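**Student:** Before I ask anything, here's the sequence and the deposited coordinates:
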Amino acid sequence: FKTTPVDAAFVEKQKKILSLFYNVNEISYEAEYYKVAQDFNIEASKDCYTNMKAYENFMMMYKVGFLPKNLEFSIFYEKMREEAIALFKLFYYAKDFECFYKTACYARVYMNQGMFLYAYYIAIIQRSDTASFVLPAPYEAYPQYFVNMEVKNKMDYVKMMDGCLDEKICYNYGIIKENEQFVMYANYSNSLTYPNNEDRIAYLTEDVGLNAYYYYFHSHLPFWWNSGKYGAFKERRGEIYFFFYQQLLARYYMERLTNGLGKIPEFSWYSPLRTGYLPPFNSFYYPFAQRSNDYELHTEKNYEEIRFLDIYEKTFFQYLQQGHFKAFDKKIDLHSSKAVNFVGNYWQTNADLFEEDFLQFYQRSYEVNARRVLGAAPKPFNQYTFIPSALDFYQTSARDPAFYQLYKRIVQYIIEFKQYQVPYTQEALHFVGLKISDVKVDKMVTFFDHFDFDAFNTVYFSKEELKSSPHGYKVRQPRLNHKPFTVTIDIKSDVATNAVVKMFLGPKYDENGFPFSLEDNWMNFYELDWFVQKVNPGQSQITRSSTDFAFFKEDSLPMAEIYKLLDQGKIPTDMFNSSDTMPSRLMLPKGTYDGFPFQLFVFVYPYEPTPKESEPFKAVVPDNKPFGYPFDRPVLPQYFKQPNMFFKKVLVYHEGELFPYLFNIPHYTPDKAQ
Amino acid sequence: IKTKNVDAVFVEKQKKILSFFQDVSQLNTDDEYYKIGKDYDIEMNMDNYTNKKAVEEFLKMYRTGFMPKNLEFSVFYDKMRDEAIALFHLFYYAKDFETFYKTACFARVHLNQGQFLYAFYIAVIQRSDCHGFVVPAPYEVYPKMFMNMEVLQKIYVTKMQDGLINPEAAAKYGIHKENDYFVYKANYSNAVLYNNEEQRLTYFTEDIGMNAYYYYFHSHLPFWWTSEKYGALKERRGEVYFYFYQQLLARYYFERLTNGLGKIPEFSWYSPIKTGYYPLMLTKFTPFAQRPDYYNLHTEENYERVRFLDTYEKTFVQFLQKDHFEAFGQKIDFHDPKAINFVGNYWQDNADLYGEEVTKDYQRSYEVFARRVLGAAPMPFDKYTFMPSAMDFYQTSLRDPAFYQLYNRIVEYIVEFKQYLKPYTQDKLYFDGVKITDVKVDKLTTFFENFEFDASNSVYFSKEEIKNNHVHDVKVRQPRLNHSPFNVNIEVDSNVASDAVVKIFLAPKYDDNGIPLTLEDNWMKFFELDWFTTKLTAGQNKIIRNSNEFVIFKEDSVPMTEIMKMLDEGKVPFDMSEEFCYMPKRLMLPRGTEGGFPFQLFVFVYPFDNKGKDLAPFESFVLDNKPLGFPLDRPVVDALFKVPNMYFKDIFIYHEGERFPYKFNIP
Ligand SMILES: *[C@@H]1O[C@H](CO)[C@@H](O[C@@H]2O[C@H](CO)[C@@H](O[C@@H]3O[C@H](CO[C@H]4O[C@H](CO)[C@@H](O)[C@H](O)[C@@H]4O)[C@@H](O)[C@H](O[C@H]4O[C@H](CO)[C@@H](O)[C@H](O)[C@@H]4O)[C@@H]3O)[C@H](O)[C@H]2NC(C)=O)[C@H](O)[C@H]1NC(C)=O
Ligand SMILES: *[C@@H]1O[C@H](CO)[C@@H](O[C@@H]2O[C@H](CO)[C@@H](O[C@@H]3O[C@H](CO[C@H]4O[C@H](CO)[C@@H](O)[C@H](O)[C@@H]4O)[C@@H](O)[C@H](O[C@H]4O[C@H](CO)[C@@H](O)[C@H](O)[C@@H]4O)[C@@H]3O)[C@H](O)[C@H]2NC(C)=O)[C@H](O)[C@H]1NC(C)=O
Ligand code: NA
Ligand code: NA
Ligand code: NA
């Protein structure tokens, strides 16, 4: 519930930014943004931009025309990408906030909804003056991607009937009036959307924050954008790539573990993919593409793409087999520091992997092609109209099990390369004159909580209604969550030093009930937190609350609540400092009444600062150390018995109901955690 | 246009009927049906039903619980089906109109609307007091199943917005307000998706008439109900089955030809199936299931289903291996053409296959499970919760290439039986001293024309809007195929005054390589257009027959509002009152080409049983007991067949105007 103060100039500018997220699916002919848009003469505005070549480029594509309103926009299709990147460059190179805003009002009014939102979200995140301003949560901007079609439909019907037929009847269908607004209860999906064991974890993969999280990841550093803005970070880009996915997959594999699901399965482009998924969405023209269980990847429609994909991976194998090779106009050694970066950019086909300021249409991307084949859609009708899968959007990608299958496949390939890195030696890890004597944690408890957000942006309003910037329509759904807990660390030091304290969470046992060995477990640990303590000689005890963990955040406030906070000169400080991290809700994987066993790994090493990175991301240790150190590479497990290391077995309990559905039953009062 | 007159008593009853097809998704609590419905007690009225056993069974089943109001009813699933059938029994065994009506009022009020409408539509058709009555075309009753989701969504958008926000902008999307209707132009699925060559045929396979047609076919004669009611017809049931598909399939094949698409594809349950279907339709819960190209039928989920299906076929193969056998308590001999009955009933697995009034769950349907596996949906969640596919409904079945591929398979097996039958001989077919000396046909020309249908039943209204009888009416318009009327002039030399039957068939000229088509192996590609009778005088005669008079087809259904107007004028539509279960007239010809696609017409004149008396159409067919499709109901031998009372005219189907339906829908 934490805030940050803000003056009137901010408030007024902020409000201007947010005003464009109102009733995104329509136009209020009475809005201020509409007057600005009408007043804006795009052909006479060359002087609004600091880059005339970008403006000229836009005006050219614009003279021929863009993606029409009402078609689905996706970053994964070439022409739409060029157009969206072009729009973004105008947003970005606008000289001023006033020029930025006029341009944004223009695009808001005259361009495809999805395109505009896409570029506007990114621009705000990216523009120097505009960063430090808050954005509505991805699910409040794009409800259509965060709301399964049962509810979305009920919403259509409720709006068409301007309320309920008879209030008791739609109490039974989970629809409520609460404070002049509607609330629809929403369950997670059937086996008619997840038609296999994967359904056990719908509550994770359909989770709105998880999905938001991935969308924020993309938006902070789009594959198509070079690193110029982040200077010295350019060097660490590929390294992020690995860390982001490795880390995400670890979090995901933990959920599997507590639902008895075991290892994410391998697959092949020459065989059928066992595990299907039926996205519960529809676009303007099309229901989303369904991928049934045992879907044949290898058919006529996909042959040429499979040829592409196969060689793409096999050339990585050739790079591993040589060790030094000239590739992409560089001479690159895989014992080199620069290697980690290369690898990452190679798999993502970055703008950085090439010359490029902005990615050339013609540089074929393994991720792009992978998502087309796994999405299982029919081939696009023309280049403005394609049949959407979940893999077509960062908002929806984490929903399809095939997503984790793809990125696990990538991560394994990079781990294959990671054999070329030099495993940390003993004195390397050994912190001289520093020992952790004990670690102690509070009770770790997961549980479920209803959570609300306003889905009004996917609901339609009348000419009259739009004047009021109407937003009646809320989705209440049980989401994972845990109680706050503290870790206390007992330390003995010879000397006063400065130390970094990192603590990770990972698995304890196989699916066979065997202890994981570190040589096989290191990729399965995810970072919870890091910080810097001045450490005194003698015995000390460091306490750390789950509330202060570096890698997690509070939920976003609805746009309504943001405005209510501006009215009293404030902003939600997590939405401010760190919108791009995992929600704290999802910090722990769902536990059991037993207590599910995991290891908390605590690690203390010497703090040796470097000049602050200017960061596209999660502020990471002001260190020359890698991301996710010391788990950034294969280990020699002997070297992990150091006195400044501590593995502590920890059990995650659960409380109240065991399944989200038990919360959305009309007339049943659930067991709520206390 | 073609009407009929009706007393004020019929009028009150007809309007009572139609009130159940008016706002189907919602309940008007002020309305008369609701007051009646809510408190009506079936138990207290037990003695007002012919069949106590039926009503008891209903009350039992109903107190147990029916399907819920929000789900999607399909007849192809056991429990839902049984509920439906029980409800139907209730409607059917009602003593009189009044009780039937009170029974509907109840069901509308208390039950799933899909279930109710399925039940009611059939009851209206099947009740004897209700013969002469009229049901609205299925596309008005279930409009959501006769349009792609693009359009449906546009409808919902416009309603949420309480109108058009920027008329000019909306016009770009084929939406405009016209008086007090909102009008949506609707494109066929291939305007937005061409996944395989089958999309070439969408204007046929999606045509709201063709689909409605199949829906009527089922409603008139459901697989689960006995043909008892129809007396003598019962012994012909199988015959009607084969005929219906063999005809439909022939008509379909014609469409195939004129789009350069050839013979209907064969599949194997042990193999993937090459032809996918991507339904662009949905339900309040879920989208219809998609079948990708090269969808593998043989996966874990289907292993048992395939076993059953494979066996069902192998079983018939065994029947073919004996010629005479005992099955289902009958003794069958395949040399006997009347065995067609058994054969048709075997494949449909209908009530008349056993001696029963309704089918039972343990009497497992080949067609049900074929549909289920071809449909590619994942396994249903529970009994009321499944992912619909186009083959879960008769309204939608024609939309899927797989439908034709299935019934093709079945029909073929049935002709494997037809090979047992002795070919009609020279002297069975001769009409002594009569000769068709010439056939001349007018211009055969197809075209498209915009058609509108009232799609209002798809719109949800407000408490306040319902009592205000506020109007938000919705029309969907799309180009539908039609053709110009034409005459067939037949010149015949009768030696002597005789009464004759004339029959007219349409057939292909060549296959898709230009091999001319021989009766020996193409007899089942003959599509019957007309059956009529004529006095034939001595010397030279000439019959002139107009395509409007062709007996096998019907005019378009009139909309409910138009029917509603006619009732105030003691009028009712003729075609809808009697002739509803026939193919719509506009579709009789396949889409021709601008330069004249070649078919041929087969005219056949044969001796009619005098009657010694004057003649009326319906019983005139039953007086001569020629098998359906005579003389092309069994294999022909060309040389043994041709005769002077036969004639084959090469003909050409032209198309005029705009060739592609999307060009009508252009902004
Ligand atoms: C049924 O299905 C059909 C076929 O898919 C649809 O027909 C398409 O309709 C769309 C309009 O919705 C057409 O696209 C638009 O039409 C114009 C095309 O002009 C032609 O001729 C000019 C020369 O005058 C050529 O330059 C050009 O190559 C075209 O061949 C354009 O005027 C439109 O531009 C407008 O919108 C764009 C964005 O789309 C803006 O950037 C512009 O400022 C301008 O406002 C647009 O390109 C399309 O041509 C039709 N397809 C075909 C094959 O004819 C129907 O819409 C559909 N019906 C329904 C109810 O859905
Ligand atoms: C999220 O998903 C969950 C899990 O599926 C849904 O929970 C189901 O919700 C429905 C309510 O929508 C429940 O159905 C109801 O069951 C009640 C309990 O009944 C017991 O006792 C009755 C006799 O009273 C027995 O017949 C029965 O066997 C049980 O022993 C009933 O009291 C309810 O009565 C209703 O019945 C008829 C419909 O047949 C109505 O017309 C009546 O008016 C009356 O409302 C009702 O049938 C079901 O139990 C829940 N499932 C589970 C597994 O717990 C949530 O609804 C869903 N939430 C959302 C928002 O989708
Ligand atoms: Na596509
Ligand atoms: Na997976
Ligand atoms: Na077939």
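**Tutor:** Structure's in. What do you need? Residues are numbered from 1 along each chain as shown, chains lettered A, B, ... in the order given. Ligands and ions are numbered 1, 2, ... in the order given.
**Student:** List the neighbouring strands of the host helix or strand of residue A:534 plus their orientation.
**Tutor:** Remark: residue A:534 resides in strand A:526-535, with elements defined by DSSP states H and E. Strand A:526-535 pairs in its sheet with strand A:497-507 (antiparallel), by DSSP bridges.
**Student:** what does the strand it pairs with rub up against?
**Tutor:** With Cβ atoms under 8 Å, 6 or more residues apart in numbering or on different chains as the contact definition, strand A:497-507 has outside contacts at A:250, A:253-254, A:257, A:431, A:434, A:487, A:489, A:516, A:521, A:524-535, A:542, A:544, A:588, A:598-607, A:621, A:623, A:629, A:631, A:650. All C-beta spots, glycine's among them, are computed from the backbone N, C-alpha and C.
**Student:** after that strand, next one along is what?
**Tutor:** Secondary structure here is assigned by DSSP H and E; on that basis, the next helix or strand after strand A:497-507 toward the C-terminus is helix A:518-521.
**Student:** can you pull the contacts of the closest residue to residue A:204 other than its chain neighbours?
**Tutor:** By the measure of Cβ to Cβ, 6 or more residues apart in numbering or on different chains, the closest residue to residue A:204 outside its immediate chain neighbours is residue A:255, 4.9 Å from it. Counting by Cβ under 8 Å, 6+ apart, residue A:255 touches A:201, A:204, A:261, A:589-590.
**Student:** Just put the residues you listed in JSON lines and tack on neighbour count.
**Tutor:** JSON lines is the format used below for these (neighbours: other Cβ atoms under 10 Å in any protein chain shown):
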{"residue": "A:201", "neighbour count": "21"}
{"residue": "A:204", "neighbour count": "22"}
{"residue": "A:261", "neighbour count": "15"}
{"residue": "A:589", "neighbour count": "25"}
{"residue": "A:590", "neighbour count": "26"}
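**Student:** Could I get these in TSV, plus columns for distance to residue B:5?
**Tutor:** Output for the contacts of residue A:255, formatted as TSV (distance: Cβ to Cβ, whole Å):
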residue	distance to residue B:5
A:201	67
A:204	68
A:261	71
A:589	76
A:590	72
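**Student:** Which of these fall within helices?
**Tutor:** Restricting those to those inside helices, with DSSP state H as the criterion, leaves residue A:204.
**Student:** Show me how to select, in ChimeraX, the buried members of the contacts of strand A:497-507.
**Tutor:** Filtering these down to the buried ones (16 or more other Cβ atoms under 10 Å in any protein chain shown) takes a single ChimeraX command:
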select /A:250,253,254,257,431,434,487,489,516,521,524,525,526,527,528,529,530,531,533,535,542,544,588,598,599,600,601,602,603,604,605,607,621,623,629,631,650
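**Student:** show me what contacts the nearest residue to residue B:429 once chain neighbours are set aside?
**Tutor:** Here the nearest residue to residue B:429 in space, its sequence neighbours aside, is residue B:643; by Cβ to Cβ, 6+ apart that works out to 5.2 Å. The neighbourhood of residue B:643, defined by Cβ under 8 Å, 6+ apart, consists of B:426, B:429-431.
**Student:** Restricted to helices, list those residues.
**Tutor:** When DSSP H defines the helices, the subset of these inside them is B:426, B:429.
**Student:** Can you tell me which of the contacts of residue B:643 is closest to ligand 5?
**Tutor:** Of all the contacts of residue B:643, the one with the least separation from ligand 5 (Cβ to the ion) is residue B:429, at 31.1 Å.
**Student:** Can you point out the helix or strand that includes the residue in the stretch 501-650 of chain B that ligand 4 sits nearest to?
**Tutor:** Per Cβ to the ion, the residue of the stretch 501-650 of chain B with the smallest distance to ligand 4 is residue B:512, at 46.1 Å. When elements are defined using DSSP H and E, residue B:512 is found to belong to no helix and no strand.
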